[PDB]
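Working notes, beginning with the structure itself.
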């Protein structure tokens, strides 16, 4: 449909003008998916308004994905889906991040993001500032190296096995 | 809505809404287009507020189910504006 | 790299691993990933926990009997090395106490000859040197000398009781509490002993296959300290925290006790043979090839008794 | 198996049946000095 | 038994009240997304059954949509009718399992056995069309796998007409059974907005009375052409969610009628052989057919480089696929939204100060499945 | 800058060191009570040449979580005995 | 350097090397697509055989790993961030060549 592509286009322009201290570009994937960019420092302020009405009542994170790419000056590339209800439609803001720079946590803005901060922390190196409690999930205890680092072998570097002489795995 | 709490005679509270709106955003330099649009719709909706003392068709006028929620939407816009200039 | 998936040339044949030996040795083989052919006399069930130790095709149970000649020809039949272990302390009926230490090692030795087995190895207690008390030291001396007469290039283990938590030894004197006191023939220096231990002995055996030099040499395995038996048991109930009652006793009566307890059809807690296992001290000879000669250093008992006996604790 | 022979020339071998055997292939018979073994079927022709 | 085999909810309970439940997922993190990246699209599909395994079809449908958008390709309509049909039988599977085992957790014991007879009769259908009792890798990115056998639809008819008595009798053992009422009626309410902040999905929303639902809202298939009544809850207590489960069962049972009555003849895989492998009668007798067969299984199809987030009304909530084709035949990243994950995140807020049994029931109203959480 | 972070790590050593006997007690570990301490000191020597600004504080972030786990009885005898690599062939 | 941050055992940041290069065209192919774009293959280690079934059992943690890139400098810098030993190799684009159907018919 052309129509949706129109409305998303114009709306992308709309937000592009409303708050352009940080919207690097508002590309519309041709199959009707808008997606603006964000300077990594700018995460909270954008998303904040993204809940706040103008039309951007995009409540509820659908997810907090963390695409990786070995190239680029900063490899990890965070992504935020969002959904507005009354105007039933979805957008997708996203940023970028150094292996070492601590981007802030976005838990307060989208509310249901507490679990995700922990996820991406234990599936990646990236740290979220002002997060109440990053800690491991989806792993063993020690384990150490983050998976999903695009490098890092799927077979990992370790294995458990039970050993009778010490009577322990 | 389960969290939604019934609020009789919205209209007064509404007038406090849009007035607190225009006032708290009243500090916006004409620069950013935010003041432009947000005032644009705000004054339109508020114009309907004065225009529509009745509620039963009023929410057929704001084009939003249960105006009782959208007053809290505007409530969100109030803290929104509270953030707008902290963001400068 | 040596590892659970790692191959090694070993094709050990370990008779009677079902007991305190040699789940440990099979383990240290298993961490190497070296193949093993442990064969069962008993029942599959008790053997079952042996299974994890291997890696898919590694461990291979085989049915056998020590009495049939060809039955032992079975499990040796492709073994590169064979390692005898069999030995019940209290004499079963059908296995008369002598054959267990004589015939079986014998057939093992000569079949080790015929199959052209690359190495043969065998165990006997340090006190196997002939003595009037106890028929085990002597019968094992007989099979020792026999296999030496039949497979002379075999190295021979001489361990004066390995120390393990499961151990049939330390747990035993730990369990002597259950009767009440602890029967000492005359306390103190009436006898004195040393223990090699389960892991040190195991590591030593496989290292002995790792040693080219460990050919016909008769290796012997001894604890770091010559603990006196009285102070030893004192340390036993010092770690088991149970009340400690020395129980001085004329020497004959203890044997009256052993004769009393050999009666049970099952597996008796005590036996007159074990009664003679009690009061005879280990000899202190070090000049024979032994544990350190392998390059392994013994782990002191003093840090390791606790894990061994915690189950006895109230 | 006996070697099948046909006076014609080119023949098609499906390995027996339609859609239950190997992909249809035509075995040439340019040389009478040799049999025409099928690629998949393994059945000679001449 | 209440921990579903893979939960370690450590909690600092008082005398018998909980003070804070502390879920520790990852006890079944099989590690999926890393694996998916190394395998081509067609070889990645089974993982999805292995996800929300109670609801095995809808996951496949979620994926096949997720690719078809990237691939810009549309299934022949009959395929869409199957895709919705089994989407719905699966809707019934998850609801049966949910209401049932949620009952079993609070000791009802019986309704279980009354229903798994039926659920077994449904697996007779997965059995019949897919050849597997479950985990039926049957939905395809191109549409659907083999066509379904002639003898089936009357068989589905004969069952579907009689199922309603069963669900009804269940309802007689539960909905009035005031013991069951008292156990689950004031717990564990969630604020309708507060749901939205936590991003609760599906029934956990409707229980708090918000209107939203993806099949009506952003329909993806023939849901344009089916008519059914979404059942809104009210109080947001487990009880309302339960009635939503039941009523949604009945409604799916309405959908089955319509799909049976309008099930057009035509092909089922897409014509585009570049994406859908050729039928066997054909590949064995013409060159291009065999070649596209061969390459579809060797290298697999390429996808244009791109990124997307599809989502559909999986029975537990919206199921969400974010994936990024690099252009190669191996997808680069395939983050998988798990609706259960958000719910279980919201649990501890929903369950403070409640009695320890009630947290057990409330885990069940969350109708969570840990295989989906750990992805 | 460095040093400001080094104090952090010393604090961390205090915490670990003092906690260790409790670890051996509560977990029924039969490691020599000293050995855990020494091994702690060693693990502290493992990165005893790191010199980047932010990387070291990040190191104490990853250092907190472990004592965080042993204090909460998260991890176990297996998991905490894991550091000693005791089953490995030399 | 981020060696401490990665859980990778010291052995494999040490006693082995990456081997950056732009892959050669499969010569059986006439295609060119896969040729471009840097990738970061590691060195091979030991891989023996399973005593049973003859499978190629393998010890090394990370043999199969491989990573695409857009630019070589980015790749070298990449491995440097990892503190990796490396063997950078030149892009080796074929020289352009003259062609003429009529030169075949000189005489």
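Going in written order, the chains are labelled A, B, C, D, E, F and G, and every chain counts its residues from 1.
Operating definition for what follows: contacts are C-beta pairs under 8 Å (C-beta built on N, C-alpha and C of every residue); 3 or more make two chains touch, one makes a residue touch a chain.
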Legend entry - Those chains which touch subunit E and also touch subunit D: none
Inset, instruction - Name, by label, each chain that touches both members of the pair subunit A and subunit C. - result: F, G
Inset, instruction - Name whichever of A-G and B-E has more C-beta pairs touching across its two chains. - result: A-G
Legend entry - Of all other chains, the one whose Cα centre sits farthest from subunit G: B
Legend entry - Computed distance of Cα centres, subunit D from subunit A, in Å: 62
Legend entry - Approximate Å spacing (C-alpha centroids) for the pair subunit B, subunit F: 55
Legend entry - Centre-of-Cα separation between subunit F and subunit C, whole angstrom: 40
Inset, instruction - Scan subunit F for residues touching two or more other chains and write them down. - result: 55, 58, 87
Legend entry - Where subunit E touches two or more other chains, by residue: 194, 210
Inset, instruction - For subunit B, write out the residues touching at least two other chains, lowest number first. - result: 65
Legend entry - Partner subunit D, residues of subunit E touching it in the complex: 280-281, 283-285, 290
Legend entry - Residues of subunit D that touch subunit E when the two form their complex: 14, 18-19, 21-24
Legend entry - Of subunit G, residues touching subunit C in the complex: 46, 48, 50-53, 57, 59
Legend entry - List of subunit A residues in touch with subunit G within their complex: 70-72, 99-100, 125, 143-146, 149-153, 155-157
Legend entry - Contact set on subunit B toward subunit A in their complex: 32-34, 37-38, 41, 64-65, 73-74, 76-77, 79-80, 83, 87
